[PDB]
Structures are given as C-alpha cells and as structure tokens.
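Chemist: Before I ask anything, let me first share the structure, which is written out below as structure tokens.
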Amino acid sequence: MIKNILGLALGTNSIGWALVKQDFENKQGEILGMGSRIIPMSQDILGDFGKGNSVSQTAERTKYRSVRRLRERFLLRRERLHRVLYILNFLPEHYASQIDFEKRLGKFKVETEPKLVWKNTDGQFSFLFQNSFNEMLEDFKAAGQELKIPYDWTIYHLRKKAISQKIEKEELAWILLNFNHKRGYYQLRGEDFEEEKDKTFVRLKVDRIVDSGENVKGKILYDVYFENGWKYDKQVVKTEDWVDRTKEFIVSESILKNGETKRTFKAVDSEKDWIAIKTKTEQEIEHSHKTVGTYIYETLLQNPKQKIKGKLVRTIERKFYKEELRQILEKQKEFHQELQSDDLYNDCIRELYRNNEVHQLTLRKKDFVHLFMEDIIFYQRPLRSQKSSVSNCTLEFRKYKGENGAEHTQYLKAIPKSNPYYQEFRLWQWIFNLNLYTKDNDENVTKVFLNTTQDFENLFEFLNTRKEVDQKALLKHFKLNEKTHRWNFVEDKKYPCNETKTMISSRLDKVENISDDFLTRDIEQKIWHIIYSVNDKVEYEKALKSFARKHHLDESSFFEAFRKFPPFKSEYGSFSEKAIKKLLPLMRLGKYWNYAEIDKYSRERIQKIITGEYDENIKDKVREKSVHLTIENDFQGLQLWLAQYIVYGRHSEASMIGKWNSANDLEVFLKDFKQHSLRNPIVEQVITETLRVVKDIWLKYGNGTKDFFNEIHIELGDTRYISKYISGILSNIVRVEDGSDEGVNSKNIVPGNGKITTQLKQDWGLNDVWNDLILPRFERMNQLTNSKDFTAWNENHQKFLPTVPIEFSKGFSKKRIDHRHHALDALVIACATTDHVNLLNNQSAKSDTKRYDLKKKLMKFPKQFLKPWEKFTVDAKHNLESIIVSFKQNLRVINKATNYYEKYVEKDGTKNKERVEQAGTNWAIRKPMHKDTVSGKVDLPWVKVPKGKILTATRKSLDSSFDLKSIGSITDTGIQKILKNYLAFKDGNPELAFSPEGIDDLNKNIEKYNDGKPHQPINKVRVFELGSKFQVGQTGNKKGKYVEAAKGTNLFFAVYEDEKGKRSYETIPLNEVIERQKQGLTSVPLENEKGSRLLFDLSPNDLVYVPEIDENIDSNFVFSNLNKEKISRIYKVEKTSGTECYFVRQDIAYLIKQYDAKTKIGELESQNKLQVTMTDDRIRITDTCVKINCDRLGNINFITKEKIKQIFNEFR
Amino acid sequence: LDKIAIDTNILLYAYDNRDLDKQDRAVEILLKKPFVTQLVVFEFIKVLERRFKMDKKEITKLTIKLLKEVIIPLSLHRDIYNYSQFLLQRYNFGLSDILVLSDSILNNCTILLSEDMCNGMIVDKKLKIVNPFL
DNA sequence: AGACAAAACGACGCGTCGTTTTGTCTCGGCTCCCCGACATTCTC
Ligand SMILES: [Mg+2]
C-alpha cells in the first residue's frame, strides 16, 4: 500500500539518486531525497574512451614503472662491470679512486660525476689515450680529411683496432662500458623463421605498365614490371605515381612446394618506418663485411660530419654487438695475462656471487668471455610466470588449516586445453552431442548408425587417429555421401579431433627406426608435458635429446622432427585436471569403460541410485532423471550433466540467490571488492560509487534496517555493461525469500527506457520546469552578446524558451549543460511503475479492450498521463531548485608503499633466498610532480629580469613558426643576426625561409648571411623564456634541471586574514604539500609570512557560499535554512594560480558556448571559468566566500552541540 | 653556524648557588645569546612560583629582564601541536619535553641543551640534545 | 631661528589586476593471463 522507491540513473561519471514514498492507488505520496554524485574527469577522457586510446592512469603508471626498471637494470649492469673491472685492475687510478666498492658496491661517490677519459689535474682536464688519438689522426690524414678532430672519437678507432691488435686494458674497459650503453634489439623467444627469411630491403624502378585486361569498377587494371626483372604481385589503377618511380620495397621469398620462389611485396618508406631503416642498416653493415664499430669508424672517416647516434646506426640486431664484443675479447685475450689467470676469474666469480655457491660452481667452468657477454652485459631475464594468474575450477577444492588456527581453502588451477585429457573430455562431449539428419526429408536418422557401444567405439578409433574432422570425413566414415545426409551442425564447420595426439603421432611416424607401438597413453601424456612445460630453446633441445636417450629411440630424426613444433596456444579449460579425471570414467562406454575406475564416492552414489534408497545428498529430480539407471551397466555413456551430478551432486551452477539483511552486508561487499574486476576503470568507479551512495542513503533514511527499499528502478540512458551487473548486485537488497522472486534479478528491479522518461518529462511538465530553471543562463548569454537570438518567444506558452543560434548549435543540448538533470531523470524513473514500463514497451495490444484498463488507470481521457500525486510538479520544482551537487575529490599527495625484495637470509645456519620487507619509512607520491619538458637557466645581459623570476632556455627545432618576435626570443645573438639576415633575404616570409628546403639553403650558404664569416649549420636553437621554473632536485646535476608544475597539481589555495580584516591569498605548490604532509603537518601552513591567520584552504571540486553584498557572514552557521537564494550562491572551485582562483556555479556542467579567440565570446569569458560571480554585482568570489562541506548525498555539515559533545565523548 | 637553543634546566641551574660549578656552566651557556622557547619561560615561571615560592613581582621583573637582555624568545609556532604529535609516534618522552623539542625544531634550532633528555640523541635528524654540564 | 617633518620631484623601474594567449615527451618489438559481446550444439 505504501512503497519506498529508489530510482537510480547511471551515467559515464554521474549517479542520479532519488528516493520517494509512493502510494499510487490513492494518488498520494511524496519525495524524500534527491541528489547527483559527480566523478570529475576531463572531457578528453569522455571523447577518448568511445574509441579507446590508453584510457587508464594505471597504464601510464605502468609505463613509468617499466622505464624506471629498465634504467635501474642498466645501472646495475654498469655497477657489476665496475666491480669486475676493479678486481681485474683495469680501471685507471683517477677513475677508480672515486667509485665506492665497500658500502655502495660499484656506485660513484656522492656529488661526483667521473669520466673514464678526462683526467682532472689542478682543475684542468686532459685526455689519457694520447697515442691512440695520434694513430687515429694519422689514419684521417692518410685518408686526407682534416688534422683536428674531437678526442672522444678515439673509441671507434680502438674498437676497430681491438679486432686484430693489442690495446691497453683501460681502452678495453671503456669499450665494455660502451657496449653496456648500446646493447641492441633482441627477441627473447628467437624462433628463427624460414631459412631464407628474405625480408630484403630493395629499391626498384618500374619499366612499363602493360594493360592486364582485368577490368574492375569500369577501370582497367595494369601490371607492373621492374628493371631488374620481377613483377609486382598486386595490380595498379593510378598510373601517374608508378611510371619510372624509384620505389623501395621489403620483399619476402618462400620456396614453394613446386620448387620456386613465392615472392611477396610490401611498400615501405625509408626514414619513416622502423623496419625499413633497421633492414637498410642491417644490409649496409653486412655488405661492408666488417664489424659495426669498424663500419662506424669508416663512415666517420669518409664523412666526418656524420651523425652517428640516432642517425647513422639507431637499432641493429644484438648479434652484431655480441659478435664484435666477442671478437674483441678473444683477440685481446692472447695479449693480456689477466684474462688467463684463473685466480682472478674465481675472484670475480666469488665477488659477484658470494651467496650463490651453485652459480659459482656453474661458472667455475667458463671463462671471462662467457662472464662478460652471457652473464653481465647481454643478460636478458625471462618473462615472469603468469601461471599464478590462471583461473580455477568451480568444483575441486582443498581445505587446510593455517598457523592462525583457521580453516581456509586453496583453489585448483584449471586444465590447459592442449592437454590430451581435456582433448578426450571435449571430443567425447562432441560424440554425445553428435546426431545426423537426412537431407531429403530432415528426419532423425540416428539410432540406426549409433545405437550400440561398438559403433561408438569404432567411431572413436577412427576419430582418435585424425586431427580435424569435417563434413566429408564424418559422412564417408558411415559410407554416406554429401548428397543425402548431414550432421546437425554447421555444414562447412570443422571441429577439433584430438589435435595433440594426432600431431605427435605424425611426428613420431616420421622419425622411423622404431616400432609402431611406442606411443601409448602414458607416453603421450609425458611428451605433451615435455612440450607444454619447457618453453625455452636450448632447454628444449636438451630435454628432447635426453628423452631420446632414455627412451630407446634413435636421436637422429627424433630431434629433427621434434624441433619444429608450434608452441601450444595459450588457453585453459573451464575445469581442472582432477575434476575431469573424476568425470571421464562415467561417460566412458564400451571397452574403454570399466567399473573399477569410478572412485569411491561415485561408486557409493551409483549403488545408492540403483538401490533406490533415501540419501540427503541425492534429490528427487535425480531419481526422475535416473529412472533408466536401474543397473550398474546403465552407467555407460552418461552426458555431461549426469556425470557431473553423480561426481559432485549439483545440477550445474544453480546459484545461491542470497539476501542482504543490513548495511553491514553491503559495506562488507564493498570492502571485499577487488580492483580491475570489470571491463574498464570507468564502469568500476561508477558501480563502486553507486554502491557507496546506496549505503549512505540507506543509513540516512532507514538506518540500515531490513527491506527499507520496497523497490528499486534502474536506468542508464558501451555503457550497457552496467544495465545487468548493477541490477544483479542490487537484487540482493530487494529480493523476497518467500520463493516467488527467483532468477538472475529480483522482480522488483524494473529497468526502463528513454521513451518512457522523455514521454513522462514532456507530459508532466518536467521539461517546462527544466527550461524555467535553465533560462536565466540564456538571458545572461543574450545580454553578454547584446542580441536576442538566445531566447525565443512563443505564444502557445506565451513565454520565452531557451535557444541557440545554428552556428553555435554543433552539439548543444539543453539537458547536458547541467548536473541536476541526473537527479531529475532519477526522479522521473522512480515514480514510473511496472505497469507504465509494460504499457510503453508492449503497447501492441492486439485488442483495445485488453489494455484499455491501463489506458484508463494511467492516462487522462489517450491524451496525457495522470500525475503520481496532485502536487508532483510543484514539489519537483521545489526539489530541483534546491539540490547541491557533490563532487568526488582526489587529494592523494602521499601514501605508504610496501617494498618486498629478494635477499639471502641466514636462518638455521643456512643461507636461503627469501623476500624481505624494506626497513625505515618511504612514501609514494600519488601525483605527477612536474612536467616532462626540462629547461636550463640562462643569464642574458641584454634583457631585464624582474625580481622573483628567472630565464630558462630550451632547445627547439628551427621551423616555419619562427617570425621576428620569436627570432628575437632566440638566446644566441649571432644566430639572431644570421637568421634575421636570411628572413630579410626571403622578403620576411618565415614559411618560405624556414621550410626544410629553405633551412637546407641557409645551411649550404651560411656565408652570405653571416657577413661572409664561417659558421656551423643550424637546425635547433635555444629559445629562452622568462618566468617561474623550479629545480627538480638537489643532488648531482638535478640542481640544473628546471621544470614546471604538472597539469592538475595546484591542489591547495590558502586564504588568510590579518588582524585588521583584509583577506590574503596564496597557492602552495605540490612540493611544500609533500614535505609538510611527510612531517605530519597540515597540507597548508596555518599562518603566512605576515602572521595572518588562515581562514582555510580550497581544492578543486570544493564548495563555497558567496554571500550577498549586504549580508555579514562572520558567525553565520545555521546552514539548515538553505533556500533557493542561498543555494544559487554556491560556487565550485575549478583551478588556481598565483593568487587567482576560478569558480563555476555548482549546477553548471557545460557552457552554452565555449570561448574562441576569433569571436572572443563565451559563457564565462576566455578561461571558461570566472574569478568573480556571474551575477550583475560581479564581486570577487575569493574576498567574501565561505567554505562549506557536504556529504555524498549533498547534505551540509556544520558544527553543532551534539558534535562538540562527541568530539571528546569519543575520547571519553 | 648553528642555532643553539636551551631549556628550563639551564636557567634553573643558573639561578641556584648550591652547585657553583653547574651554576657557572649554565651562565656561560647564556652568554652566547642562546635561543629559547616561550614554553621554557612558562615552565621557568611555574617552577619559580611553585618550588621557590617567590613573589610574583620579582619573578616577573627577572623574566622581563632576561628576555630583553639575556635570551632571545622564539615565536610560538602554529604547527607545534601536529609536529609534536608526529614526534610522538617515534619517541617516548614527557609530552612537555616533546612540545619543547617540537617548537625548537620548527624554529630551525640545531643544538639543544638539557639534562633529563638523553644527551647525544638525534631527534628527527634535525636537532641533537647535548648535556653541557659534563 | 634654526633645524626638524614632510611634501615635491624627476627620475627610471616596476607592478597593475583583467584579460587573453601559449604551451603541454615520442615511437618500436613481443609474451601471457583475465574478462566482456555477438555466432552454433547438447543437457536441466
Ligand atoms: Mg621538561
């Protein structure tokens, strides 16, 4: 008779909640609560998740983590190189004296930046390899290029020299460190492809296009021939860009079965595709027939202006670096006796692996070659195991008691699909699911071909041999043909047919020199496990060779046949091995079945079923189905459901229905919710906040008691993922335990559709009140644009309706530009009963009389629907104009982080590797500390610097956007002179001057713009800016990096007062917030430097009240009588900078018109947010605003007596 | 080179003639204009008024004279309560001493002088307690 | 009366809140787990 209704509307980042107490039968009822919860994120995310572009902050954190991890692994490699080389006595005294080797193993001493090559004596720097430098300059003068070159070019000369000559040890250490710097591309799997693997980058010329006689789309397709004599595989339409074109391709050659090259083609562009540049550098290095270091040295010899790093060689296969470093080390080995002294080798071994005697024993057999390449430099870790993330069976469990005395359950991991045993399960399931039909009359022709167990067994022996089965094989097995019979499945679809066993049978047939009886079931399982488990190449052939040794099969073609196996497809079945093991014996029939393979419990249940006695674990439906199971012989060939029930006693997944009793269950459910359990973070956040809001309304309006919500209505308005999950979750509150309400969802949950909501809004006048609420924004726009095009008069309503000009009507929506529409939708959903949704979803009646009862009950006479009560519209107006919007906040600055790291610990007289938790305190910053771009400080005499600001200069490309003002913002004066000379030479047009062709022309003829004076080419210049940039850090060279605050990191805005009364404003950066929160203090200082006491601090999504000019709000409080005037003066912070704070009225979501620099108009000026109110007084918001605090439901929170009592009652 | 502070102990041993040596130590601890916390002055007033039963007028004269000419009062810091609570998790002193240390630290003091505070000890790697009478 | 108090004063620099305008790290390979949606078949 009286019903509590909760209407929920779910958006991308909005939850509209409304609770009403309806009595529809008497046309009575009243609203209780209304609100809209908003999760703030930029509209960039809104426009991105529809298409999808890395829309997750977790992914960005993962990317930074991976970059850092690579960095510290490179550092670790370097450290170990320092340790080993210091042991070998290879580092020079000047360098080695300032690496720590005792406490910080291999690290540099703090506040020192050593270079291996520049010895510093009395403040002067000197090069140490004078003689090799002399030899390199001798080489250049023999080549006749110059006699004056950089000293640090000696490394490539040494790398060439190291191949076939004796170099001193320090050069060799430098070379090893260089190799550690540049490691090269490498795929962990390997898996060498087709032996030819042509993949050859070639540049070809087209001779002629003979017209091929292939007429498509009314245009006749041409063919392509090349001068060196192949044909392009694909045809061509456009003739202009193919005739005598110097086109470059990557082609792949495969020797087909006929004995010819099946050549492919693919158009690629050099200097634009990574693969093309990689292959070109590969071929160009190989054709030189020399190591990459010597190749680089030769290219530097022939073109001394060549850019090596990033231009000449960017990325090459790791094989080149490996082979070059090898050749270097073997060649240097014969001359340096330290590379033969096994004492030193053992010393390095022990130093590097003190606590791992096993690894020491392994490496005591190797030498310095393997230790340097295979151990330190080129060591690539394997992928972490994902086995721990494998799913679990829903049936097999294990129970055990921990140290706490409790009893908890370990899961059993699901079966890999390629396992032969799941193969048996699956294809037996197919055997039972198999049935045949005739093509002529479509009758159930089976029970004539498969009626006895022998037919099943023979079909089994034929399928067991094959690898895939299809229409043809299935028909011809029975001697049937295509023309008369079919098999109830897709006529042209194939089904799996024990892939693993067939494939292994074929490969084992190819090896020969063995009898045709070696392959049995256990052998099949063991070899499958060998293939599935060891997925690493060298390990793979070692396991294969050992298997061929133990099993008396010749390892001659065994390993050759058994090397080329496609790795198993990564997929796992629904169930585990033990469960399927228990299942299969029951559905076995014939000779493969025997009673002894049924376990104890299923045998007992079989005896119980045949006996017909009464068991609590056997239901009546079982006997209903198992009436035919009279004898123990009847337990042959049972289907999946029968065998599953007999094994475990459940008729599939019957669910648990469940029913929550109080807010305790709910809050526990939220406490136990796991991250990343849904499609994407957006819907997960939406669902979690919906749950939280439901709990809050339950507590506030019903005190968490049973069945306080009589019914709940849900609506969404991609997003469909929420329509069913939230309904299933919320069924647990409104479900009835009487047995009437059963299913996936409670019958009380009534999802609707947009048709009902829009029709109710139009009929009941919610649209009219919505326009009346939103219109003043439109009059403000009209006044600001001094026009009348934003309001349109009408005479059917005799009033002004909001509107927009067509050229500002791109995607304007009058609902979308606010926040409370969510709550309005929630309200209009809640009052909609099941009868309304049934009527408006099944309006097709087939007879007017049958649905005429609903017509008369719900609609006025079929014109308009009856209101839920007489004062529905007025009450809805009163609520809608009295809703404050609650905005979720993320002020996470620091949080605690746990660090577990592997380490060898001494326990019970033995060292064991175990994880240790980090000692001391260590915080994790939860915001990006600054922006990526890094600038350096400069001091220019020819510019005036205001106090409190500095000049920072950054390198930028010289391009077409460089006009006189920007050219004057280039820090180099001579570059400015030359550049303005050039720009004058091109009639003052940077676009013509600074095109790549123009830049090239400037570079070639630099004399005729530098007054005839010589100068190096220019491509990038350091432009300087004047502003406030802070140091990134205080260690090493970090004190020279100047960065800018990151986006959305100005989170606190302090408002202070002096004893006289004036307000002072400040914005504290994230650095001081971090430091203060680390020292346990408040985020914002409570007094400024002037001693002014702090009113309070503001953060984005805060709420403030802006009092009228006449009101004197000093000890107002009494925030219970919030009326329309009071609530309309509520502003939400949006951003801050310096002493400026920008605000938007809390009911505004989107502006009527944004700001464009052309028209120079907008709803809230250029920033789309104001430092003042929108109303006519236009008062500084920050000078009179008072901060307020709301809860999830938008209810104000203020100090009261009871609160004051409880502050220290909780301590009492 | 280092902002040195003091506590009520230095003033109290300075005041008394019963131990000449400690009195001396204390007075040459005051010659260098050592900084001082307002809570130190409050406790000094409490002990003069309670233990010694001295008149209000003369102890107030002495306080004013010392603050004008002898010791440099340090402005009471507004974050003293939160910082003292922060030091409270890692340290176990009398809470009055913890407020003294908190206000000394928040004012950038490098060296503190006292007796009943476990000399030589480091407080949040910012300030160390030193017993000067030894 | 003479010598203090303070207003001019000619200087530049500064700074002016109000507002708009400008700037903002990038691409490459590959493996392996989980879930979702829509297709077909069988059973409860
Ligand atoms: Mg004390």
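Every chain in the structure tokens has a letter given in the order shown (A, B, ...), and although residue numbers restart at 1 in each chain, ligands are simply numbered from 1 in the order shown.
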Any idea what's packed within 6 Å of range 77-89 of chain B, counting only C-alpha atoms (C1' of nucleotides), ignoring anything in its chain fewer than 3 positions away? Could you give it as a PyMOL selection string?

Modeler: (chain A and resi 1080-1081) or (chain B and resi 98-99+102-103)

Chemist: Selection from above, N, CA, C and O atoms, as a compact mmCIF listing (two decimals), in the first residue's frame, can you write it?

Modeler:
# COMPACT_ATOMS: atom_id res chain seq x y z
N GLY A 1080 54.02 15.16 8.94
CA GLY A 1080 52.86 15.00 9.78
C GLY A 1080 52.02 16.25 9.96
O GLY A 1080 51.02 16.20 10.68
N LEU A 1081 52.40 17.35 9.33
CA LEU A 1081 51.71 18.62 9.48
C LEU A 1081 50.49 18.69 8.57
O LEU A 1081 50.16 17.76 7.84
N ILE B 98 58.37 16.99 24.66
CA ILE B 98 58.14 16.81 23.23
C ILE B 98 57.68 18.11 22.59
O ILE B 98 58.08 18.43 21.46
N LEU B 99 56.83 18.88 23.28
CA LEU B 99 56.48 20.21 22.79
C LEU B 99 57.70 21.13 22.76
O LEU B 99 57.85 21.94 21.83
N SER B 102 59.65 20.05 19.76
CA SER B 102 58.92 20.39 18.54
C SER B 102 59.07 21.86 18.21
O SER B 102 59.34 22.23 17.06
N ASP B 103 58.89 22.73 19.21
CA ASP B 103 59.00 24.16 18.95
C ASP B 103 60.43 24.56 18.65
O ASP B 103 60.67 25.48 17.86

Chemist: Write out as JSON, numbers by chain all residues of chain B that backbone DSSP assigns to alpha helix (DSSP H).

Modeler: {"B": [8, 9, 10, 11, 12, 13, 14, 15, 20, 21, 22, 23, 24, 25, 26, 27, 28, 29, 30, 38, 39, 40, 41, 42, 43, 44, 45, 46, 47, 48, 49, 50, 56, 57, 58, 59, 60, 61, 62, 63, 64, 65, 66, 67, 68, 69, 80, 81, 82, 83, 84, 85, 86, 87, 88, 89, 90, 95, 96, 97, 98, 99, 100, 101, 102, 103, 104, 105, 106]}

Chemist: Hey, can you spit out that residue selection with C-alpha atoms as a PDB file, in the first residue's frame?

Modeler:
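This is the output file part_23.pdb:
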ATOM      1  CA  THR B   8      64.367  25.382  31.687  1.00  0.00           C
ATOM      2  CA  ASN B   9      67.200  23.265  33.092  1.00  0.00           C
ATOM      3  CA  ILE B  10      69.928  25.740  32.118  1.00  0.00           C
ATOM      4  CA  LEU B  11      68.028  28.630  33.703  1.00  0.00           C
ATOM      5  CA  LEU B  12      67.277  26.661  36.877  1.00  0.00           C
ATOM      6  CA  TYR B  13      70.863  25.555  37.462  1.00  0.00           C
ATOM      7  CA  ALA B  14      71.954  29.120  36.691  1.00  0.00           C
ATOM      8  CA  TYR B  15      69.576  30.506  39.329  1.00  0.00           C
ATOM      9  CA  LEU B  20      78.599  26.523  41.966  1.00  0.00           C
ATOM     10  CA  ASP B  21      80.035  24.511  39.068  1.00  0.00           C
ATOM     11  CA  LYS B  22      76.684  23.793  37.427  1.00  0.00           C
ATOM     12  CA  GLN B  23      75.599  27.365  38.003  1.00  0.00           C
ATOM     13  CA  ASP B  24      78.724  28.518  36.191  1.00  0.00           C
ATOM     14  CA  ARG B  25      78.244  26.129  33.284  1.00  0.00           C
ATOM     15  CA  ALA B  26      74.716  27.390  32.967  1.00  0.00           C
ATOM     16  CA  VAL B  27      75.718  31.075  33.000  1.00  0.00           C
ATOM     17  CA  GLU B  28      78.371  30.637  30.293  1.00  0.00           C
ATOM     18  CA  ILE B  29      75.645  28.767  28.418  1.00  0.00           C
ATOM     19  CA  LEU B  30      73.661  32.050  28.492  1.00  0.00           C
ATOM     20  CA  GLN B  38      58.164  30.516  25.266  1.00  0.00           C
ATOM     21  CA  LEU B  39      57.185  27.234  26.921  1.00  0.00           C
ATOM     22  CA  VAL B  40      60.613  27.244  28.580  1.00  0.00           C
ATOM     23  CA  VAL B  41      59.839  30.668  30.063  1.00  0.00           C
ATOM     24  CA  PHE B  42      56.410  29.456  31.192  1.00  0.00           C
ATOM     25  CA  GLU B  43      57.880  26.418  32.957  1.00  0.00           C
ATOM     26  CA  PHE B  44      60.550  28.673  34.479  1.00  0.00           C
ATOM     27  CA  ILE B  45      57.815  30.925  35.875  1.00  0.00           C
ATOM     28  CA  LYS B  46      55.943  27.875  37.180  1.00  0.00           C
ATOM     29  CA  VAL B  47      58.986  26.498  38.999  1.00  0.00           C
ATOM     30  CA  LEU B  48      59.944  29.880  40.468  1.00  0.00           C
ATOM     31  CA  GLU B  49      56.382  30.422  41.711  1.00  0.00           C
ATOM     32  CA  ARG B  50      55.854  26.837  42.955  1.00  0.00           C
ATOM     33  CA  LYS B  56      55.099  37.478  41.531  1.00  0.00           C
ATOM     34  CA  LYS B  57      56.612  40.938  41.075  1.00  0.00           C
ATOM     35  CA  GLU B  58      60.282  39.984  41.290  1.00  0.00           C
ATOM     36  CA  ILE B  59      59.968  36.855  39.139  1.00  0.00           C
ATOM     37  CA  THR B  60      58.146  38.924  36.516  1.00  0.00           C
ATOM     38  CA  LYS B  61      60.927  41.533  36.671  1.00  0.00           C
ATOM     39  CA  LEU B  62      63.505  38.769  36.230  1.00  0.00           C
ATOM     40  CA  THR B  63      61.612  37.259  33.285  1.00  0.00           C
ATOM     41  CA  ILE B  64      61.330  40.631  31.534  1.00  0.00           C
ATOM     42  CA  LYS B  65      64.990  41.456  32.205  1.00  0.00           C
ATOM     43  CA  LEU B  66      66.200  38.096  30.880  1.00  0.00           C
ATOM     44  CA  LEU B  67      64.023  38.265  27.772  1.00  0.00           C
ATOM     45  CA  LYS B  68      65.093  41.841  26.982  1.00  0.00           C
ATOM     46  CA  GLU B  69      68.819  41.420  27.651  1.00  0.00           C
ATOM     47  CA  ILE B  80      53.689  22.817  17.194  1.00  0.00           C
ATOM     48  CA  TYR B  81      50.772  20.530  18.077  1.00  0.00           C
ATOM     49  CA  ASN B  82      50.754  18.489  14.858  1.00  0.00           C
ATOM     50  CA  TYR B  83      54.551  18.246  14.814  1.00  0.00           C
ATOM     51  CA  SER B  84      54.649  17.162  18.464  1.00  0.00           C
ATOM     52  CA  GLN B  85      52.052  14.508  17.642  1.00  0.00           C
ATOM     53  CA  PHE B  86      54.273  13.388  14.755  1.00  0.00           C
ATOM     54  CA  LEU B  87      57.326  13.097  17.021  1.00  0.00           C
ATOM     55  CA  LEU B  88      55.111  11.222  19.483  1.00  0.00           C
ATOM     56  CA  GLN B  89      54.889   8.038  17.398  1.00  0.00           C
ATOM     57  CA  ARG B  90      58.664   7.529  17.236  1.00  0.00           C
ATOM     58  CA  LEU B  95      54.869  15.390  26.369  1.00  0.00           C
ATOM     59  CA  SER B  96      56.047  18.744  27.757  1.00  0.00           C
ATOM     60  CA  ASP B  97      59.564  17.890  26.593  1.00  0.00           C
ATOM     61  CA  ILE B  98      58.142  16.810  23.231  1.00  0.00           C
ATOM     62  CA  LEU B  99      56.485  20.213  22.791  1.00  0.00           C
ATOM     63  CA  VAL B 100      59.779  21.867  23.759  1.00  0.00           C
ATOM     64  CA  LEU B 101      61.654  19.816  21.144  1.00  0.00           C
ATOM     65  CA  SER B 102      58.924  20.386  18.543  1.00  0.00           C
ATOM     66  CA  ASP B 103      58.996  24.163  18.954  1.00  0.00           C
ATOM     67  CA  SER B 104      62.803  24.173  18.966  1.00  0.00           C
ATOM     68  CA  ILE B 105      62.866  22.165  15.726  1.00  0.00           C
ATOM     69  CA  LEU B 106      60.163  24.215  13.987  1.00  0.00           C
TER      70      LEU B 106
END

Chemist: Which residues of chain A are close to chain C, meaning at most 6 Å apart when you count only C-alpha atoms (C1' of nucleotides), and how do they look as a PyMOL selection string?

Modeler: chain A and resi 386+389+433

Chemist: Can you write just those residues out, C-alpha atoms, as an mmCIF file, in the first residue's frame?

Modeler:
data_model
loop_
_atom_site.group_PDB
_atom_site.id
_atom_site.type_symbol
_atom_site.label_atom_id
_atom_site.label_comp_id
_atom_site.auth_asym_id
_atom_site.auth_seq_id
_atom_site.Cartn_x
_atom_site.Cartn_y
_atom_site.Cartn_z
ATOM 1 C CA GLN A 386 51.557 -15.927 -15.421
ATOM 2 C CA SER A 389 47.047 -15.801 -12.651
ATOM 3 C CA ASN A 433 26.387 -34.156 -28.940
#

Chemist: Running DSSP on the backbone, which parts of range 258-349 of chain A land in strand (DSSP E or B), as a PyMOL selection string?

Modeler: chain A and resi 261+267+309+313+317

Chemist: If you keep C-alpha atoms, can you produce a file of those selected residues as a compact mmCIF listing (two decimals), in the first residue's frame?

Modeler:
# COMPACT_ATOMS: atom_id res chain seq x y z
CA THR A 261 60.25 -18.55 -55.02
CA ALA A 267 55.53 -0.91 -49.92
CA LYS A 309 73.82 8.35 -32.56
CA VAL A 313 73.06 3.47 -36.59
CA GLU A 317 70.32 -6.91 -34.09

Chemist: For chain A against chain B, which residues fall within 9 Å using only C-alpha atoms, given as a list in words?

Modeler: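 Those within range of chain B come out as residues 1079, 1080, 1081, 1082, 1085, 1086 and 1087 of chain A.
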
Chemist: Show which residues sit within 9 Å of residue 1184 in chain A, as a ChimeraX atom specification. Count only C-alpha atoms (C1' of nucleotides), and ignore same-chain residues fewer than 3 positions away.

Modeler: /A:1063,1105-1109,1113,1179-1181

Chemist: Show me, as a PDB file with N, CA, C and O atoms, in the first residue's frame, the residues that have an atom within 7 Å of range 1028-1038 of chain A when counting only C-alpha atoms (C1' of nucleotides), minus same-chain residues fewer than 6 positions from it.

Modeler:
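Produced file part.pdb, reproduced below:
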ATOM      1  N   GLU A 111      78.041  13.243  -4.994  1.00  0.00           N
ATOM      2  CA  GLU A 111      78.436  14.558  -5.500  1.00  0.00           C
ATOM      3  C   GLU A 111      79.731  14.467  -6.303  1.00  0.00           C
ATOM      4  O   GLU A 111      80.710  15.171  -6.043  1.00  0.00           O
ATOM      5  N   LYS A 949      61.741  36.135 -10.645  1.00  0.00           N
ATOM      6  CA  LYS A 949      61.591  35.359 -11.867  1.00  0.00           C
ATOM      7  C   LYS A 949      62.970  35.113 -12.461  1.00  0.00           C
ATOM      8  O   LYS A 949      63.923  35.840 -12.171  1.00  0.00           O
ATOM      9  N   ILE A 950      63.074  34.070 -13.288  1.00  0.00           N
ATOM     10  CA  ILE A 950      64.338  33.692 -13.906  1.00  0.00           C
ATOM     11  C   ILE A 950      64.113  33.364 -15.375  1.00  0.00           C
ATOM     12  O   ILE A 950      62.983  33.188 -15.838  1.00  0.00           O
ATOM     13  N   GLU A1044      58.267  22.771 -14.783  1.00  0.00           N
ATOM     14  CA  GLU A1044      57.028  23.479 -14.499  1.00  0.00           C
ATOM     15  C   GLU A1044      56.027  22.529 -13.853  1.00  0.00           C
ATOM     16  O   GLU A1044      56.036  21.322 -14.111  1.00  0.00           O
TER      17      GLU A1044
END
